[PDB]
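Colleague: just to be clear, this is only the beginning of the complex, oriented as in the whole thing:
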Amino acid sequence: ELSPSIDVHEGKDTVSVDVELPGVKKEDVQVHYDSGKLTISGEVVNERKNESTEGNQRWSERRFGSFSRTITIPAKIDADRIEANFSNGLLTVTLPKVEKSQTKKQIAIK
Amino acid sequence: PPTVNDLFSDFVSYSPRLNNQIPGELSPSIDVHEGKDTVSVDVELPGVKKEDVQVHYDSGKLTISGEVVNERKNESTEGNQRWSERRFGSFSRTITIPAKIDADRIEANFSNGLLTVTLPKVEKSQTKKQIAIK
Amino acid sequence: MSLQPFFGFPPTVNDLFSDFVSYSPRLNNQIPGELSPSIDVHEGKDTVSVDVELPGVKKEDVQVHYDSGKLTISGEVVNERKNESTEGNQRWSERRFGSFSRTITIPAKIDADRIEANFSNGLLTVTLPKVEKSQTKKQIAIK
Amino acid sequence: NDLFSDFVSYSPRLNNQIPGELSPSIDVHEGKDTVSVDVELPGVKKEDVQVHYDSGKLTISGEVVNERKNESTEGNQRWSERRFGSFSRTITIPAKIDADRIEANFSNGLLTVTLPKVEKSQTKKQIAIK
Amino acid sequence: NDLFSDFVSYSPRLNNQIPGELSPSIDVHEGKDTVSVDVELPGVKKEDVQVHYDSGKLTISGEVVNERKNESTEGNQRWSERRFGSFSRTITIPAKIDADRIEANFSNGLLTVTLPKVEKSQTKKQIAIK
Amino acid sequence: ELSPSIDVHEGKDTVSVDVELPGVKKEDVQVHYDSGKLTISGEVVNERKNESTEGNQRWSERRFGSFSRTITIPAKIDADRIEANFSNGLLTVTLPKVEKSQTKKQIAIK
Amino acid sequence: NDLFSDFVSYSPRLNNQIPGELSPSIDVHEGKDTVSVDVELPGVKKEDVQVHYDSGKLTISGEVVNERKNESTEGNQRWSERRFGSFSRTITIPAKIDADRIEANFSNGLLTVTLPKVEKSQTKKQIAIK
């Protein structure tokens, strides 16, 4: 019952996925890519579960537990160049597009 | 009443994954219609100037974004808010258009705080059928 | 807890009740079957401004009136795509349509004839100037 | 009828009661054609009570006087149940009424304020929208 | 222990939250000798967060930035669950603590503020009574 | 803010769609089929909105208003033989499958 | 009008709802001369619904059937929003009514029960006091 927040963006050559994982060890999270499915899974651990002793928990605003979340990628990816980078509790997965393809247009409003 | 922020997404199936809910946050209301020749996207943006809102079409995805600004925020004092029901702040919403569209012919109009985006379909013919109810 | 409205009231709390009983939509003339537009109420020591959100509403379709300390904004939100939806064209609908009415009791003395309203970009701003001395006071001789 | 209106109108402390002012008892009977407010005011002279009507808000004010207040009579108090000093109370009138037809009546320490209703507000002000 | 103290201390809106500012999630664990406040701050640089301590009130502030905000990338958004912009939160600390011994630690988007307790307030100020 | 309840079933030759529309006139509901999209729309009318008079409404458990609901049909349909039937407030749309195709299997549980 | 009467009457669980029975939606409009109860019952045959009236208590009962229940069709379900099985609901009628003049109407899955009012109870029974 813990869902990490996720953003998804798409550029010319790139599809990037942001996952919010504060207090999560790099070792604890797994990134997988299968046939257009990108799965980010893992577990966020309570580092106070190490004890019930020596004074206790006054306030719980934090969610802890196992999480798995799947993004479908409609575009075709080169899976060998896929990169994952974990910084400041933010996990960013970069998926290179096999085909750099037709880009945006800004629409002016009358 | 939770609201899906990005419509008809190919990326993520809306479920009880991350709520994003926290009900009452700014979510400009969106109506979408598909006719024979056209896709219409209506977005409610009361109290917004058209130069503050941008519309971008990319590869079948219409993104409407901008900033709803409190104008009484012009100082930290001098008269108070007695009541606030209005929702301010940034917004970005993406709709995945359920049809193939001619991007050169897309138009946007802003009237009475309502933004309407017209997206003519590349295939203009009649597939549709009304079924008589016995 | 809720005993704070029991013992001697700080004038502030007596204001809190004024704000509640004034601006809360459920406490003024609820239809209920109509739509209630979102509003922001601001008060300087001079005027009081009300900002009402009316996206997709034509200026001809909104009316603002004032009667004895109560401001009412009413009108209609028409669904222009109604027939399209009737033709099976609807894909996504977040929009609510119908007649709207919003009444708020204003907790200040204002000059009624100086009330003016400006409608732009789906936002209706009503401005009620406050006067210190009531010009309507009217003492009544007792029999 | 989904009615909190009587409460916002009549209830004493929604109308901003002023500490230091006594709050008189009140009965409100609305007719088909009118609305009557009976106010209990024992021991106050007719010249000590003012009735004002503004913006839909009826305000009864004045001073309940202890005639025995003076210095000649001091240790003379034996039993005291009575409250003296200033009194002010405001009540909101829900009905549409005629502000010029409003009159008051003081009999046996009971003050009756009878407010004539109208079918249509003479007071309704339509606004620009520019 | 008849304890609303945790509530007045920790609860977000008793501490006067400022509209326009995001409210981060917080875990508070008080020890025998100390009190630790764990704050979740994913995606914010260490230089974007300030920790102030005043009069028993801990205040964490800053800006969560969307690095994709710029004009080059616009129609690139696909799915958005993330909240950006400014954040400020204040929490009252019930315990007697050492204000000079207070330090902060930022690891994996988790900011730990560890406040050392004292047996006796160095801060207690006895007053005149003249 | 009114959503009529909908069931969907799929047989060998047939896909059937049930819609709950109590108190709805046959004339008030429209059925459309476009490229695999079946849309059921219309409006349920309050027949007491004909009056506020002669005694009033004590209890509201009923939803009234415009409704539109779309079912995607993955199978290919012969659109000319599509039939709609309205009985006892239940609207049933029958969509004949172009291809009668591979059917079920019951799995026994060990 | 100090009225909880509509609540005791109409509210589902004051009337003792039976677990295992579905509770249909209801609109109640009382006229000057009558009281009408509109009940939503889509997908149920006219012979599957019974309307009983006893001691001031109206009871609508029956069975919503899934016609697709059988064994021939099993793995055929795709999307299910619909509730089936037995349904029973009782509602108390505040008004004085004519028990013999009570009739029902089933149209478009909407069942209208129209109960004629009386000025004077034919049902009022005066008691001994011995």
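Modeller: Yep, it's here. Residues are numbered from 1 along each chain as shown, chains lettered A, B, ... in the order given.

Colleague: where does chain A get nearest to chain C, which residue?
Modeller: Proximity of chain A to chain C (C-beta to the nearest C-beta) peaks at residue A:109, 12.1 Å away. C-betas here are computed from N, CA, C, even on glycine.

Colleague: OK, contacts around that residue?
Modeller: B:50, B:53, B:55, B:108, B:109, B:110, B:115 (C-beta atoms under 8 Å, 6 or more residues apart in numbering or on different chains).

Colleague: and the furthest pair within the residues you listed?
Modeller: Across the contacts of residue A:109, no pair lies farther apart than B:53 and B:109, at 11.7 Å, counting by C-beta to C-beta.

Colleague: skipping adjacent residues, who's closest to residue A:66 in space?
Modeller: residue A:43 (4.8 Å; C-beta to C-beta, 6 or more residues apart in numbering or on different chains).

Colleague: burial measure for that neighbour, as a count.
Modeller: Residue A:43 sits with 15 neighbouring residues when counted by other C-beta atoms under 10 Å in any protein chain shown.

Colleague: swap in the one 10 residues further on?
Modeller: Other residues within reach of residue A:53, judged by other C-beta under 10 Å, total 8.

Colleague: in a strand, it, correct?
Modeller: No - assigned with DSSP: H, G, I helix; E, B strand; the rest coil, residue A:53 falls outside any strand and is coil.

Colleague: so for chain A, the centremost residue is which one?
Modeller: Closest to where the C-alpha atoms of chain A average out (C-alpha atoms, centre = their mean) is residue A:19, at 2.8 Å.

Colleague: tell me which element that one falls in.
Modeller: Assigned by DSSP states H and E, residue A:19 belongs to strand A:14-20.

Colleague: ok, that strand: who's next to it in the sheet?
Modeller: Applying DSSP bridges, strand A:14-20 is found paired with strand A:6-10 (antiparallel), strand A:90-96 (antiparallel).

Colleague: just the CA trace of that strand, in CSV.
Modeller: Output of strand A:14-20 as CSV, limited to C-alpha atoms (Å, rounded to 0.1, in the frame of the first residue of the first chain):
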residue,chain,number,x,y,z
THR,A,14,14.6,10.0,-25.3
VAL,A,15,11.9,8.8,-22.9
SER,A,16,12.7,9.6,-19.3
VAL,A,17,11.0,8.2,-16.2
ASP,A,18,11.2,9.8,-12.7
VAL,A,19,10.4,7.8,-9.6
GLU,A,20,10.4,9.3,-6.1
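
Colleague: go ahead and add chain H:
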Amino acid sequence: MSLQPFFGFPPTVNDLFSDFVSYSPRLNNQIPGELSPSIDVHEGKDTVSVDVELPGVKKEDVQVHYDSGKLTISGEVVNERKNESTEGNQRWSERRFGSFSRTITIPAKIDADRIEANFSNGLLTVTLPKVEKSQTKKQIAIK
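Modeller: This next block brings in chain H, placed alongside the chains you saw above:
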């Protein structure tokens, strides 16, 4: 706390609401300006007895009637010492005088014509016999 009436109701609680909504004086036809006599309600699996306290009330001044599941006991409590009090004779007064009415909704099927009432020593006992099978049931043919 009050969430116990939220999740699946034990039939017992559904009874608790029946008792409340049946016998509570505030929830049935309150005047309010009249007097509400104290009552005890007892139910065996066979009958149901109601004991109403009416001290100083003449038998001619009490009436009991039954209409469609609702039992009503009404009447008057006269102050015989009224003129004495008017003459300045009153010393201590705990007694309340006026008209009384008490209506309770009975949550059982009874035989109305077998209802009988006995009034003795200021206590009025009404007895309503319960029948298992309702004799008033009346199925209604649907058009």
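
Colleague: still on that earlier bit, which non-adjacent residue is nearest the residue nearest to the centre of chain A?
Modeller: residue A:91 (4.1 Å).

Colleague: closest point of chain A to chain G, which residue?
Modeller: Counting by C-beta to the nearest C-beta, chain A gets nearest chain G through residue A:72, at 20.8 Å.

Colleague: partners of that residue in the sheet?
Modeller: Bridge pairing for residue A:72 - DSSP bridges - gives residue A:37.

Colleague: ok, now which ones touch it?
Modeller: By C-beta under 8 Å, 6+ apart, the neighbours of residue A:72 are A:36, A:37, A:38, B:10, B:11, B:12, B:13.

Colleague: return the nearest residue of chain A with respect to chain D.
Modeller: residue A:110 (23.5 Å).

Colleague: burial count for that residue?
Modeller: 10.

Colleague: who touches it in this structure?
Modeller: B:107, B:108, B:109, B:110.

Colleague: now with 6 Å, please.
Modeller: Residues in contact with residue A:110, defined by C-beta atoms under 6 Å, 6 or more residues apart in numbering or on different chains, are residue B:109.

Colleague: hmm, back to that, burial count for the residue nearest to residue A:19?
Modeller: 25.

Colleague: quick check: the residue of chain A nearest chain F.
Modeller: Counting by C-beta to the nearest C-beta, chain A gets nearest chain F through residue A:72, at 16.5 Å.

Colleague: what about that residue, distance to chain E?
Modeller: To chain E, residue A:72 is 10 Å away according to C-beta to the nearest C-beta, to the nearest Å.

Colleague: what's the burial count for the residue in chain A that chain E sits nearest to?
Modeller: Nearest to chain E in chain A, going by C-beta to the nearest C-beta, is residue A:89, at a distance of 1.6 Å. Using other C-beta under 10 Å, residue A:89 has 23 other residues around it.

Colleague: was I right about it contacting residue A:19?
Modeller: No - the criterion here is C-beta atoms under 6 Å, and residue A:89 misses it with residue A:19 at 9.3 Å.

Colleague: what residues does stretch A:21-29 touch?
Modeller: Under C-beta under 6 Å, 6+ apart, the answer for stretch A:21-29 is A:4, A:42, A:43, A:44, A:86, A:89, A:91, E:40, E:42, E:108, E:109, E:110.

Colleague: put this one in as chain I:
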Amino acid sequence: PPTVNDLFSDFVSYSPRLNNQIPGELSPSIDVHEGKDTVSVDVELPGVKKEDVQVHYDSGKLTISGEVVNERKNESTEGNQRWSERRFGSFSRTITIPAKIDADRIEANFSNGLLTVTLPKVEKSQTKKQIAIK
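Modeller: So, slotting chain I in with the rest:
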């Protein structure tokens, strides 16, 4: 609404000393009137047999006591109390008569659950005066 149990007492002045309140306990209601020739004490005792209530006059003090008995208490089971507003149990109340009385001529009557005690005064003459209100 606290009730003083012993009326016009010479022994104890009712004040906020011991409450005895615990509102809702059995307190048969008492009216007392004093006329020119007589003192009347009316006590409400619904559902009480006259043989269950005793009245004693001692030296200017009228004591009325007895037992209000629940008759449905005839077993610990067999049908239940669905509702109880009635107050049972023991009661004793003392009134100090505000006049001198002839004890031989005191009478008590029990009718309709109302007990009335009549106490003729030894001094039967007219002291009383009505004052005309100007």
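
Colleague: let's see the neighbour count of residue A:91 again after adding chain I.
Modeller: Residue A:91 has 25 neighbouring residues, counting by other C-beta under 10 Å.

Colleague: hang on, the earlier thing: identify the residues contacting the strand holding residue A:19?
Modeller: A:4-9, A:40, A:71, A:73, A:91-95, E:42.

Colleague: which residue packs closest to residue A:90, ignoring adjacent ones?
Modeller: residue E:43 (4.0 Å).

Colleague: point me to the residue of chain A nearest chain H.
Modeller: residue A:1 (19.2 Å).

Colleague: that residue: neighbour count?
Modeller: So residue A:1, with other C-beta under 10 Å, has 8 neighbours.

Colleague: please apply the same query to residue A:104.
Modeller: Quick note: residue A:104 (other C-beta under 10 Å) scores 19 neighbours.

Colleague: give the contact list for it.
Modeller: Residue A:104 makes contacts with B:56, B:58, E:75, as judged by C-beta under 6 Å, 6+ apart.

Colleague: how about 7 Å then?
Modeller: B:56, B:57, B:58, E:74, E:75 (C-beta atoms under 7 Å, 6 or more residues apart in numbering or on different chains).

Colleague: quick check: the residue of chain A nearest chain I.
Modeller: Closest point on chain A to chain I, by C-beta to the nearest C-beta, is residue A:58, at 40.1 Å.

Colleague: need the contact list for that residue.
Modeller: E:6, E:10, E:28, E:29, E:30.

Colleague: ok, now with 8 Å
Modeller: E:6, E:9, E:10, E:28, E:29, E:30.

Colleague: now do residue A:67
Modeller: A:2, A:3, A:4, A:40, A:41, A:42, A:43, A:44.

Colleague: surely the fifth one and residue A:32 touch.
Modeller: By that I understand residue A:41. Yes - using C-beta atoms under 8 Å, residue A:41 is in contact with residue A:32, at 7.4 Å.

Colleague: which of these two has more residues huddled nearby?
Modeller: For residue A:41 versus residue A:32, the count of surrounding residues by other C-beta under 10 Å is larger for residue A:41: 14 against 11.

Colleague: give the contact list for that one.
Modeller: A:29, A:30, A:32, A:66, A:67, A:68, A:69.

Colleague: ok, and the most crowded of those residues?
Modeller: residue A:67 (21 neighbours).
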